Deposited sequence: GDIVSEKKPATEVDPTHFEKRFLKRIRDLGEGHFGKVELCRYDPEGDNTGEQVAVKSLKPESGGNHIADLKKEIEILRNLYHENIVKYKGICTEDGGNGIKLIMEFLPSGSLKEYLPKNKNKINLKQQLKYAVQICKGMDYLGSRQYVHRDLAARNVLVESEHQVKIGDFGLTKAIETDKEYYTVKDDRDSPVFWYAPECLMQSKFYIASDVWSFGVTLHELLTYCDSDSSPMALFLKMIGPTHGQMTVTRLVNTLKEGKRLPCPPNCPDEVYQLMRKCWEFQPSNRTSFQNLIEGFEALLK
């Protein structure tokens, strides 16, 4: 009996957790005894639609996640073959975007810097395996407990070729542009330093407790104007070229803001690293 083999006839769909253009993540109960005692699991799968291989990309995502082992990376549990489904552990607290607005009273700056460290450890582990994540945002950081977070989605994750510094992207219409570094917006090139820029944005979200009126989209649309349609991304590039950045969050000390700003150097080569950030946060926690 293979414990990573989930039979479709026992995987009971409960509700949607997430939806993109091509696929979804759903809450299921795996219930082989038929009495609702089985474990809740998160299930990634494709919409019937498909195309230019969404299936090949999901199969690659499965092999990426199956072979990652880090306490700050969501746990692979198995697959279901029917078309294929990725089975992951279910974290009932959800993403930082769900959890932080409801728990501001109990999550103080120390706890925020601890989450920051754990996000940097999972990212540094992914970088060491020659992966770029390309979608690091608070909506993809899951809460295991009050004391532990995990990166919880790998839908855009790509291998950087051995002896290369970046991955060039082709399918980009659904890019999360308010988290993206200039090189990503201007040339669809994705470096590890591009994930460092996305981390700085995610840190700003963590420091604003993911409030919707302080989101990176809301704040950048206030700076550049919300009415620009197809011109939005070139206006965003121009704002960043001029050196404008997301402002210091309320109650964020300058010493934390300065680590964030090192994430947002225009040139990738000038940005801090994940291991520098961990050292910086650890000095502040000492």
query: Segments lacking C-alpha coordinates (deposited sequence numbering, starting at 1); finding: 1-12, 95-98
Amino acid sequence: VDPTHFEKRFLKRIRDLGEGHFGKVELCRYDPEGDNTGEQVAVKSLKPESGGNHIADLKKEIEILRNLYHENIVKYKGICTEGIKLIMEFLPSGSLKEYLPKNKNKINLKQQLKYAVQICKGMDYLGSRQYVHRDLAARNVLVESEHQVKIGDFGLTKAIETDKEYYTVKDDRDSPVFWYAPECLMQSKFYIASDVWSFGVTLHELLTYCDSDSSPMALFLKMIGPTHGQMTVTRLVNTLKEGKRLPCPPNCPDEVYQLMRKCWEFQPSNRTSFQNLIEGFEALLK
From here on, numbers count along this sequence of modelled residues.
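So that the term is clear: the rigid core is the largest set of C-alpha atoms that superpose within 1.5 Å between two forms.
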item	value
Farther-lying stretch by C-alpha RMS in 9 other deposited structures of this protein (rigid core fit) among 209-217, 168-176	168-176
Which of 13-21 and 269-277 strays further in 9 other deposited structures of this protein - Cα RMS after rigid core alignment	13-21
Other compared entries missing residue 53, a third or more	yes
Residue 82 dropped in a third or more of the other entries	yes
Mean Cα B-factor comparison, 150-158 or 184-192, giving the higher one as deposited	184-192
Per the entry, higher mean C-alpha B factor between 193-201 and 165-173	165-173
Which of 53, 67, 45, 40 ranks first by CA B-factor in the deposited coordinates	53
Lowest, middle or highest third - CA B-factor, residue 63	middle
Assigned third (lowest, middle, highest) for the C-alpha B factor of residue 218	middle
Entry-reported Cα temperature factor of residue 145, expressed as the chain third it lands in	middle
Relative C-alpha B-factor of residue 129, binned into the chain's lowest, middle or highest third	highest
For residue 82, the third of its chain into which the C-alpha B factor falls	highest
